[PDB]
């Protein structure tokens, strides 16, 4: 099975993932170079569903020039029936990697952290708040971490969770909400668990996040700056919580 995106032929090598209507494939061009293609079937898409892909494409396009911690979009094809998207091919997503990885090197964590911050910082600069951030939204490319999506459209799975939810999101039922989410992703790469992985019942966990009388665990580790990073990020009151630019000037990032 082959395909043509803007008069350019791409041979299929494998299918990376399938989500909903959309499918993702490991593909090759005339020069045998590798790309990922997100195919989307628009045959049964609603007016709303259609708008979410138009938005995700636009944001992905504007942000290219701004940061290199955003996945490169080379070309696209949007008809009434389908969407083809030619993007750069990563090695693995952070979630699949973290599960495989087990224990992680402190120096790789520091770098993955600087990338995650630089990426989320850029989406904020364009007035975008991701809201629901997870290790999956991140992709390892060239020994680098790059954001795959902005939350705006449908997520995918290779071929969801509640542990990364900010208390303010659960209360009202801000960019600081993504600090809490990145905080959970770092806490995980530091302790092997998310702050509320220990609460089995989802109704119970959602209440442990919003409850200040419930203290989140913070064990002693050789990295002092990393321990403080975690305390700053996981502050329940959004106004008390650290910001991405304040994190970008923190010794954990700027000193080694």
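Residue numbers count along the first chain shown, from 1. We call the rigid core whatever largest set of C-alpha positions still superposes within 1.5 Å between the two forms.
Superposing each structure in 8 other deposited structures of this protein on the rigid core shows that the farther-lying of 225-233 and 38-46, by root-mean-square Cα distance, is 38-46. Annotation: residue 111 does not belong to the positions left without coordinates in a third of the other compared entries; each one with flanking residues models it. In at least a third of the other compared PDB entries of this protein that cover both flanking sides, residue 155 is left without coordinates. In the deposited sequence, the stretch from residue 75 to residue 76 has no residues without coordinates, so the chain runs on without a break.
According to the entry, the deposited sequence places 10 or more unmodelled residues between residue 173 and residue 174. In this entry, the higher average B-factor at the C-alpha atoms falls on 219-227, of the pair 65-73 and 219-227.
Here 123-131 and 100-108 are compared by their mean Cα B-factor, and 100-108 comes out higher. For the set 58, 37, 40, 199, the maximum C-alpha B-factor listed in the entry falls on 199.
Ranked within its chain, residue 90 lands in the middle third, by CA B factor from the PDB record.
Among all modelled residues in this chain, the alpha-carbon of residue 32 has a temperature factor (C-alpha) in the highest third.
Per-chain ranking of the deposited C-alpha B factor places residue 116 in the lowest third. Residue 142: CA B factor lies in the highest third for its chain, per the PDB record. In the deposited entry, the Cα temperature factor of residue 245 sits in the bottom third of values across the chain's modelled residues.
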